[PDB]
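*Asks:* build me a structure from this.
(chains A and B)
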Amino acid sequence: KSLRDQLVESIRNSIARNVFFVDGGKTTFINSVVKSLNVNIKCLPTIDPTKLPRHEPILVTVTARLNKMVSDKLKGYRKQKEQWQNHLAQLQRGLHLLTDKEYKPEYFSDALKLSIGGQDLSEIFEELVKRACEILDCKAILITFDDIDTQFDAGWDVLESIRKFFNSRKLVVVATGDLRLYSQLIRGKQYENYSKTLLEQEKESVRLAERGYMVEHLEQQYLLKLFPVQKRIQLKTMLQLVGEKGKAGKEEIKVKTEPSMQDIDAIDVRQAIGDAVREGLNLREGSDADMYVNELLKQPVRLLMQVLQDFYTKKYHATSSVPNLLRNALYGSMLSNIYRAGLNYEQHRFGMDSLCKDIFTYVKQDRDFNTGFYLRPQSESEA
Amino acid sequence: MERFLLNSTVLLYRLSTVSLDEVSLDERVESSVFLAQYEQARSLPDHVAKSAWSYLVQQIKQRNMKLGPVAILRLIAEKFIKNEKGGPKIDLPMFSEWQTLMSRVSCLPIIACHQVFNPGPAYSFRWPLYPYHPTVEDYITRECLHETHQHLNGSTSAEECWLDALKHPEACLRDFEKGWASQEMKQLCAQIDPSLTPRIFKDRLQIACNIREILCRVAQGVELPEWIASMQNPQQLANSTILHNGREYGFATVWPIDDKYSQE
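*Replies:* Numbering: from 1, shown residues only, chains lettered A, B, ... in the order given. Shown next is the structure:
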């Protein structure tokens, strides 16, 4: 909300690289930002690179959205129209250059038809952008890019489109995700630059160290170019948007626990969390449960929302044990965690006998061996 | 004589070569026409051509037209076609002559001109044109015809193939050059246009596309885009687009119909 606001002002005072990124729901916040913009700039519906045909360029998809928007504003009420499809035609004609796996020499003469010389798809696209701004009476175009969490490998194409096509004074990139994800892709396709023969021969410690040192330098040099840190947003967390132990509470939330909750019974978020932790864990209101809920406040927002929209709902079902009600929820919530831990996944095997071995194994990975049976959130592993 | 004004490689060459603002060129026509007829209808006795051209220009001046396809087509339509019973039809005595001409030119423009200057009683384009005779029509109705030998151009009429080329220009190129190496078509090309070559083949094709685009713009009567002013030399139309002032302007414009290359 508030971060969305400051972000809006940040973009607006930007047109007077040109990419803003959001570290991480995340899509919810990005949609908030976009609709906030609905000092004239025309924005596009956010692109889900994870929901696009396996092979296509973000440039083509953006061109398609541009086409729709232009036809819409243009069918609203020429001469802009016709020259527009002209840029369309040049772009379509010179586009092979990207997809093409082989350089057909016949493209040479096409490389020979006419201020820099050639078929620079970047310059065609930038003249396109000028056309779009002029036709829409807009200072520039906001371009939006969704997380690639479910498919982190497509983001390369977006990054490359940014570098080779969106170095323009009239386009504003707005991407979302975690920088480490992009860091992997940079890592991977830096490595894919060496020669396989080099890789499989010059493989001693010194050479590997120098190679990796160079590759990391390139990581840092390129990511800085792509993502101006000043153009970086922090994505406030839910616990930081709430009192740490009551001495805080930036933007109190309050949540509805039963179906009715007539906007007055909404039982906070922190207090209900501590309540569920105490009852389903039988913990009292001391200091150990508060720390636990603090280490529940740093988990994924979707994770927490489901963990506390499944527990109380089935409680309402039952009311027309608290620990079993809540342990069921944890079962699915950390379910991936638990099975990756190599622990009881069979529901009808919970008992005391499986639970003792499970605790022993859990400590065996937690190392500890001194207070593990506390099972308190003290481990580095987020699982 | 008319046919030479619409079918002449030399005329094409001269017109394309000379600038668009030249004017006062009717000599280039009279000379080029005497040439083209010399090549094609060599047998004419050196004075009949002169007299025919003279009478043609005579008619043009008398009827107060400018030498050009407007006047030519108007003459051809008034001379050949009439409005008769159903759609315009052609004179029986002149039919063979019409065919001799169709050996050289396309009907569609003449057809449109006849509709314009002599529409029938208040039609859908249909090729080819026909004369009329009630008995023959009754026979055809009662028995219909039976097509037994149709394999010339696939099985289609060419005028559609030209539109097809404009639809797939690159493809007709491909076909041309692949065969241009074959000797036979080299001789055919030389015999038809000596300086034909695939290069000017492409040039003429893309130029014709340009012309149809621009003339369609004006046919819709649309505010006559500025770049026509820069457009000064027909060879400027040998490119997919044109440069007015730093900007490069294409020729595509919106046409009412979807089949942009339709005969209709």
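*Asks:* and the residue in chain A positioned nearest to chain B, how many neighbours?
*Replies:* Residue nearest to chain B within chain A (C-beta to the nearest C-beta): residue A:86, separated by 3.4 Å. Every C-beta, even on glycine, is put in place using the N, C-alpha and C of the backbone. The tally of other residues near residue A:86 (other C-beta atoms under 10 Å in any protein chain shown) stands at 21.
*Asks:* and if you look at the one 10 residues further on?
*Replies:* By the other C-beta under 10 Å criterion, the neighbourhood of residue A:96 contains 14 residues.
*Asks:* how about residue B:170?
*Replies:* By other C-beta under 10 Å, the residues close to residue B:170 number 10.
*Asks:* check the one 3 residues further on too.
*Replies:* Other residues lying near residue B:173 total 17 when counted by other C-beta under 10 Å.
*Asks:* surely it meets residue B:203?
*Replies:* No - judged on C-beta atoms under 8 Å, residue B:173 makes no contact with residue B:203 at a distance of 11.0 Å.
*Asks:* ok, now which ones touch the closest residue to chain A within the stretch 101-250 of chain B?
*Replies:* Nearest residue of the stretch 101-250 of chain B to chain A, counting by C-beta to the nearest C-beta: residue B:250, 3.4 Å away. With contacts defined as C-beta atoms under 8 Å, 6 or more residues apart in numbering or on different chains, the neighbours of residue B:250 are A:83, A:85-86, A:89-90, B:240-242.
*Asks:* can you tell me which of those is closest to residue A:231?
*Replies:* Closest approach between the contacts of residue B:250 and residue A:231, by C-beta to C-beta: residue A:90, at 31.1 Å.
*Asks:* quick one: what helix or strand has the residue nearest to the closest one when sequence neighbours are not counted in it?
*Replies:* Once flanking residues are discounted, residue A:90 sits nearest to residue A:124: 5.3 Å by C-beta to C-beta, 6 or more residues apart in numbering or on different chains. Using DSSP states H and E, residue A:124 falls within helix A:121-136.
*Asks:* hang on, residue A:175 in a strand?
*Replies:* Yes - checked against DSSP: H, G, I helix; E, B strand; the rest coil, residue A:175 lies within a strand.
*Asks:* who's the closest residue to it other than its chain neighbours bridged to?
*Replies:* Leaving aside its chain neighbours, residue A:175 sits nearest to residue A:145 (4.2 Å; criterion: C-beta to C-beta, 6+ apart). Beta-bridge partners of residue A:145, counted by DSSP bridges, are residue A:47.
*Asks:* was I right about residue A:145 contacting residue A:50?
*Replies:* No - counting by C-beta under 8 Å, residue A:145 stays clear of residue A:50, with 10.5 Å between them.
*Asks:* and residue A:147, its phi and psi?
*Replies:* Backbone torsions of residue A:147, given as degrees, to the nearest 10, read phi -60, psi 150.
*Asks:* err, residue A:30, not the other one
*Replies:* phi -60, psi -40.
*Asks:* residue contacts, it?
*Replies:* A:22, A:46, A:144, A:146, A:174, A:176.
*Asks:* need the max-distance pair from these.
*Replies:* A:22 and A:46 (11.3 Å).
*Asks:* neighbour count: residue A:145 and residue A:50, which is higher?
*Replies:* residue A:145 (26 against 15).
*Asks:* residue numbers of chain A in contact with chain B?
*Replies:* A:79, A:81-83, A:85-86, A:89-90, A:93, A:113-115 (C-beta under 8 Å from any C-beta of the partner chain).
*Asks:* wait, doesn't residue A:280 sit right on residue A:315?
*Replies:* No - taking contacts as C-beta under 8 Å, residue A:280 lies outside contact range of residue A:315: 9.3 Å.
*Asks:* where do the contact lists of these two overlap?
*Replies:* A:322, A:325.
*Asks:* please flag which of the residues of chain A next to chain B sit within helices.
*Replies:* Among the residues of chain A next to chain B, the ones falling in helices (DSSP state H) are A:81-83, A:85-86, A:89-90, A:93.
*Asks:* closest to residue A:223 out of those residues?
*Replies:* residue A:90 (32.5 Å).
*Asks:* thought that closest one was touching residue A:125?
*Replies:* No - the criterion here is C-beta under 8 Å, and residue A:90 misses it with residue A:125 at 10.1 Å.
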